[PDB]
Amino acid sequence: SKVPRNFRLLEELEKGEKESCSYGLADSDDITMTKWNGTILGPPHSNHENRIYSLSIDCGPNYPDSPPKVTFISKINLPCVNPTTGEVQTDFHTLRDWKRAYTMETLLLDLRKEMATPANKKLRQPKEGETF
């Protein structure tokens, strides 16, 4: 019943190959499927509206039992994202309470949701196009 890392990642890849978020491999021939690129479209009714954020996701040897490492490439002003490195902090709930059933889709969706909390939605954002 436990799907091995490699086949769980093949499952997510297929799902990613076929509307607010997307992801795919950073290297099309990376057989270990470790590094992924992700994108999140900023939520409506916020300072993130119409913005598109690029991210890097690293699914290590123990994924999905262990959560992946997520780093924003696109600059963003969001409390759970380290403002110098772009790294999503370990305390973010999805990472903190990571379950094997969780996927990269779960994480991207949860981050998009975070962009829309009343306190986060009013934060001023960097000029369009800036990177960490």
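The numbering used is simple: start at 1 and walk along the sequence shown.
| What size is the break between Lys18 and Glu19 in terms of deposited sequence residues left without coordinates: none, 1 to 3, 4 to 9, or 10 or more? | Count of unmodelled residues in between: 4 to 9.
| said: Tell me which stretch has the larger mean Cα B-factor in this entry, 3-11 or 121-129. | reply: Here the higher of the two C-alpha B-factor means belongs to 121-129.
| request: Tell me which of 82-90 and 45-53 has the higher mean C-alpha B-factor in the deposited entry. | output: Higher of the two, by average CA B-factor, is 45-53.
| Identity of residue with top Cα B-factor, from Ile73, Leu107, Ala101, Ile31 | Spelled out: the listed residue with the top C-alpha B-factor is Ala101.
| Modelled-residue ranking by C-alpha temperature factor, third containing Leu111 | According to the entry, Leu111 has a C-alpha B-factor in the chain's middle third.
| request: Just say lowest, middle or highest third for the CA B-factor of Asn77 relative to the other modelled residues in its chain. | output: Middle third of the chain for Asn77's C-alpha B-factor.
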